[PDB]
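K.L.:
Under the entry's author numbering, the residues of the sequence shown are numbered 0 to 33, 90 to 92, 96 to 105, 107 to 109, 112 to 180, 200 to 225, 231 to 608, in order. Don't be surprised by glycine CBs; every beta carbon is placed ideally from N, CA and C.
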Amino acid sequence: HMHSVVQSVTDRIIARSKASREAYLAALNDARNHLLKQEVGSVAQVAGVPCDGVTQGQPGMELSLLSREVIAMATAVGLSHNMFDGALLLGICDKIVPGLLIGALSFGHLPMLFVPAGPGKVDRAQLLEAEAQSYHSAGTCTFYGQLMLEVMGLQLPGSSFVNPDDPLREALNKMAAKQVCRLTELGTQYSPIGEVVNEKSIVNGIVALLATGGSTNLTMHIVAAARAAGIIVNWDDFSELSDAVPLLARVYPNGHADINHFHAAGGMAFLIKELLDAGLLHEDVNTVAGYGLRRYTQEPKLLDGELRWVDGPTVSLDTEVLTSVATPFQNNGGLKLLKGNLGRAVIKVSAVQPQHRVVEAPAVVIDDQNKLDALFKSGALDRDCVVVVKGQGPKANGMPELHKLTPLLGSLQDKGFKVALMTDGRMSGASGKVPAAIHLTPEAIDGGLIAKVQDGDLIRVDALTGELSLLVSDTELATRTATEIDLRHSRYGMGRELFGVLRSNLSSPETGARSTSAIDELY
């Protein structure tokens, strides 16, 4: 009983991935026929024998996306010893996990499980893990101030929210080990990761990303992970799914409540039940815990020393943090595609007031986010304008998160000016109140129309119709020469010398910003 939009988009993805997915699974068959994590992420391998961390400096931030590719390759090297009947993956989040996932799908014939570490007066959370206290008591004390792997059934149900030092966490580490052995090709329950990752589970990951108000960074990683598995997903999928997926959670970047507060309110077991009930998640999937996604509506407990899974909550205890689909924060995910002569981008409109969703204003062009403050201080932005930030894509400088953009433009909007952002890069990944067209493609150095934009040019960002237009004629654009962007300082320093070949081959954000190839593209 699936929602018509989710069923439609799923079918579209299946159709579009037909050949690539068939080739991936054929290759997989050929392959058959043959605690403190300040950064210790590793790949443990089964039948038990035991990888690169994070990178978010200042110029080190220009290696963050690139480190996913490095993690993927490093995973492949570890697994290339080929004496494993299955594997275990020990990874944090955001930059790590997608990299591991990508690398793991190269060995898609093996069963695998992700083993999370988890997220003070730690007394209460332990009492809850062990029956001693109810959800009521956990909720109230967190009130006094990896989700993708959950919906995709790539780790044990409710395993990511157990505190690291907890004896339940110890039990869940033991169960993870035993379970992979049961998922081996030997028989009974053969569940290879390249099969657990499929069109339905990918779609499931997207809707959960949308229902939780997750980072726009994960849009690239979901697409990169899926591509590795022969599954082709684009921005039309995200934008059209968003229209059907309600917003159900307010987690820190959007509000004050942290992940533990989210969990105490009801958590993934509640969210997944709601989406299942609404026909927003595919139930008919194989997971690392067995068949059927309804297994992920259950929560682990350590009762009398015995690890048990019990029924999760059916009501939210805190409707300011977590909500039901009947009465959501918003009846959609706020992720929209923008198209026009400028190309293709995405926008989060979730925190953008309807009055601010359409901006038509003269352009203000910079090729470095640091140039913005001097322009702001000279009063050059104290008017309606679209601030264009170019040379910020994957190929230009490794696509660093741009944190210096939203605050000033927000204050410009607050003063009553009509303002918008347009970049071939990205911000923190969070949702702002200022309309921002992000991940613009083709990027400036790829010859995208953004490179020809001049100060004064009218740019229309219309999040209502999905239009992104530079209001100059094709003929006037033929006369223009794009200004040369000086990238010399983005090419060396902080180890950047090492990544020129990878950075230069990064694909478009919509194609996952990959430097790697999928099995099927060479099969």
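Just to confirm before moving on: does the CB-CB distance between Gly279 and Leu162 stay below 8 Å?
P.N.:
Reading the sequence shown from its first residue, position 194 is the one you call residue 279. Reading the sequence shown from its first residue, position 101 is the one you call residue 162. Result no, Cβ atoms of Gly279 and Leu162 do not sit closer than 8 Å.
K.L.:
Looking at the secondary structure, which residues open and close the alpha helix (DSSP H) in which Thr508 lies?
P.N.:
Residue numbering aside, residue 508 sits at position 423 when the sequence shown is read from its first letter. Where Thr508 is concerned, there is no enclosing alpha helix (DSSP H), although the beta strand (DSSP E) it sits in stretches over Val504 to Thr508.
K.L.:
Is the beta carbon of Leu241 closer than 8 Å to that of residue 46?
P.N.:
A gap in the chain, from 33 straight to 90, means residue 46 has no coordinates in the model shown.
K.L.:
Beta-carbon separation of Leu361 and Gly299 under 8 Å?
P.N.:
Position 276 of the sequence shown, counted from the first residue, corresponds to residue 361. Position 214 of the sequence shown, counted from the first residue, corresponds to residue 299. No; because the gap between Cβ atoms is not below 8 Å, this pair is not in contact.
K.L.:
Apart from the five residues on each side of it in sequence, which residues of its chain come closer than 6 Å, Cβ to Cβ, to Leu253?
P.N.:
Along the sequence shown, one-based indexing puts residue 253 at 168. Counting only Cβ-Cβ distances below 6 Å, and skipping sequence neighbours, we find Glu209, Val247 and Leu387.
K.L.:
The alpha helix (DSSP H) spanning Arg11 covers which residue range?
P.N.:
Your numbering for residue 11 matches position 12 in the sequence shown. Its alpha helix (DSSP H) spans residues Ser3 to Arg31.
K.L.:
Could you give the C-beta distance for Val373 and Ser245, rounded to a whole number, given that I count them as a contact under 8 Å?
P.N.:
On the sequence shown, position 288 is the one that residue 373 refers to. On the sequence shown, position 160 is the one that residue 245 refers to. That pair is no contact at about 13 Å.
K.L.:
I'd like the list of long-range same chain contacts for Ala522, defined as Cβ closer than 6 Å, with 5 residues on each side in sequence excluded.
P.N.:
In the sequence shown, counting from the first residue as 1, residue 522 sits at position 437. Hits under 6 Å: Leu423, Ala430, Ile432, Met507, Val546 and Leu553.
K.L.:
Could you spell out the range, first to last residue, of the alpha helix (DSSP H) harbouring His346?
P.N.:
Stepping through the sequence shown from its first residue, residue 346 is reached at position 261. Per DSSP, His346 belongs to the alpha helix (DSSP H) from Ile344 to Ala350.
K.L.:
Note the first and the last residue of the continuous beta strand (DSSP E) segment covering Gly425.
P.N.:
Indexing the sequence shown from 1 puts residue 425 at position 340. Its beta strand (DSSP E) spans residues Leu420 to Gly425.
K.L.:
Does the region 456-465 come within contact of the region 439-446, defined as at least 3 CB pairs closer than 8 Å?
P.N.:
Short answer: they don't touch.
K.L.:
Once you ignore the five residues that flank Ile357 on each side, which residues in its own chain have a CB closer than 6 Å to its CB?
P.N.:
Position 272 of the sequence shown, counting from 1, holds the residue named residue 357. Counting only Cβ-Cβ distances below 6 Å, and skipping sequence neighbours, we find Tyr381 and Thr382.
K.L.:
Quick one: grab the DSSP three-state call for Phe145.
P.N.:
Counting from 1 along the sequence shown, the entry for residue 145 is found at position 84. Coil.
K.L.:
Could you spell out where the alpha helix (DSSP H) holding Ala296 opens and where it closes?
P.N.:
Looking up residue 296 in the sequence shown gives position 211. First-last of the alpha helix (DSSP H) with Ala296: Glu284 to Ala296.
K.L.:
Kindly indicate which residue of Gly580, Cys221, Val410 and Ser600 has the alpha-carbon position closest to the one of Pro120.
P.N.:
On the sequence shown, residue 120 is found 59 positions in, with the first residue counted as 1. Considering only alpha carbons, the answer is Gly580.
K.L.:
So does the region 465-479 actually touch the region 524-543, counting three or more Cβ pairs closer than 8 Å?
P.N.:
Output reads yes: the region 524-543 touches the region 465-479.
K.L.:
Counting along the chain, where does the beta strand (DSSP E) carrying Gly428 start and finish?
P.N.:
On the sequence shown, position 343 is the one that residue 428 refers to. That run of the beta strand (DSSP E) goes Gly428 to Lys433.
K.L.:
Please state whether the Cβ-Cβ distance between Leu427 and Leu555 is less than 8 Å.
P.N.:
Sequence index remark: in the sequence shown, residue 427 carries index 342 (1-based). Sequence index remark: in the sequence shown, residue 555 carries index 470 (1-based). In contact: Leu427 and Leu555 (Cβ atoms closer than 8 Å).
K.L.:
So, with DSSP's three-state summary, where would you put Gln264?
P.N.:
By 1-based counting over the sequence shown, the position of residue 264 is 179. Here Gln264 sits in helix by DSSP.
K.L.:
For the alpha helix (DSSP H) containing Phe323, list its first residue and its last residue.
P.N.:
Taking the sequence shown and counting its residues from 1, the one referred to as residue 323 is at position 238. Where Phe323 is concerned, the enclosing alpha helix (DSSP H) stretches over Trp320 to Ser327.
K.L.:
Please state if the CB of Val101 and the CB of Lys156 are separated by a distance shorter than 8 Å.
P.N.:
Here residue 156 refers to the residue found at position 95 when the sequence shown is read from its first residue. Here residue 101 refers to the residue found at position 43 when the sequence shown is read from its first residue. Not closer than 8 Å, so no.
K.L.:
Given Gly179, which residues of its chain have a CB within under 8 Å of its CB, disregarding the five upstream and five downstream residues?
P.N.:
Along the sequence shown, one-based indexing puts residue 179 at 118. Around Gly179: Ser245, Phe246, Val247, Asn248, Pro249, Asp251 and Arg254.
K.L.:
Keeping to the same chain, check which residues put their C-beta closer than 7 Å to that of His346; ignore five residues upstream and five downstream.
P.N.:
Mapped onto the sequence shown, residue 346 falls at position 261. If we look at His346 and ignore the five residues flanking it on each side, its Cβ neighbours are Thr222, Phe223 and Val406.
K.L.:
Alpha carbons only, please: which of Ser516, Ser589 and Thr526 is nearest the one belonging to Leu295?
P.N.:
Your numbering for residue 295 matches position 210 in the sequence shown. Of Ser516, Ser589 and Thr526, the residue nearest in Cα terms is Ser516.
K.L.:
Take the Cβ of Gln264 as the centre, count every other Cβ of all protein chains shown within 10 Å, and call the residue buried at 16 or more, exposed below.
P.N.:
In the sequence shown, counting from the first residue as 1, residue 264 sits at position 179. Classification of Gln264: buried, given that the 10 Å Cβ count is 16 or more.
K.L.:
By the three-class DSSP mapping on this structure, what secondary structure does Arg468 have?
P.N.:
As a first step, residue 468 is located in the sequence shown; it is residue number 383 there, counting from the start. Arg468 falls in the coil class under three-state DSSP.
K.L.:
In whole angstroms, what separates the C-alpha of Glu359 from that of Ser600?
P.N.:
Locating residue 359 in the sequence shown gives position 274, where the first residue counts as 1. Locating residue 600 in the sequence shown gives position 515, where the first residue counts as 1. Distance between the alpha carbons of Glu359 and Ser600 is about 37 Å.
K.L.:
At a cut of 8 Å, does the region 322-339 reach the region 402-417 through at least three beta carbon pairs?
P.N.:
Yes, the region 322-339 touches the region 402-417.
K.L.:
Does the distance from the C-beta atom of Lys421 to that of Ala548 stay below 8 Å?
P.N.:
By one-based count along the sequence shown, residue 421 stands at place 336. By one-based count along the sequence shown, residue 548 stands at place 463. Taking 8 Å as the Cβ cut-off, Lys421 and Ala548 qualify as a contacting pair.
K.L.:
Ordered along the chain, which non-local residues of its own chain (more than five positions away) have a Cβ less than 6 Å from that of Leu591?
P.N.:
Within the sequence shown, numbered from 1, the residue matching residue 591 stands at position 506. The residues are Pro479, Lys480, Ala598 and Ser600.
K.L.:
What residue from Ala135, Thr568, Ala293 and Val395 has the CA that sits closest to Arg335's CA?
P.N.:
As a first step, residue 335 must be located in the sequence shown, where it is residue number 250. The shortest C-alpha separation from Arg335 is found at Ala293.
K.L.:
Measure the beta-carbon distance from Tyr215 to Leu402 and round it to whole angstroms, keeping in mind my assumption that it falls under 8 Å.
P.N.:
Counted from its first residue, the sequence shown places residue 215 at position 135. Counted from its first residue, the sequence shown places residue 402 at position 317. Confirmed, Cβ separation roughly 6 Å.
K.L.:
Where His2 and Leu239 are concerned, what is the direct C-alpha to C-alpha distance, given to the nearest angstrom?
P.N.:
As a working mapping, residue 2 is identified with position 3 in the sequence shown. As a working mapping, residue 239 is identified with position 154 in the sequence shown. Approximately 24 Å, taken between the alpha carbons.
K.L.:
Using the beta-carbon count (16 or more within 10 Å), is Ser125 buried or exposed?
P.N.:
Working through the sequence shown from its first residue, we reach residue 125 at position 64. Result: buried.
K.L.:
Less than 7 Å between the CB of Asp321 and some heavy atom of the ligand ATP, yes or no?
P.N.:
You won't find the ligand ATP in this model; it holds no ligand whatsoever.
K.L.:
Given this structure, state the Cα-to-Cα distance separating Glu595 from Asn482, to the nearest angstrom.
P.N.:
Translated into the one-based positions of the sequence shown, residue 595 becomes position 510. Translated into the one-based positions of the sequence shown, residue 482 becomes position 397. C-alpha separation (whole angstroms): 17 Å.
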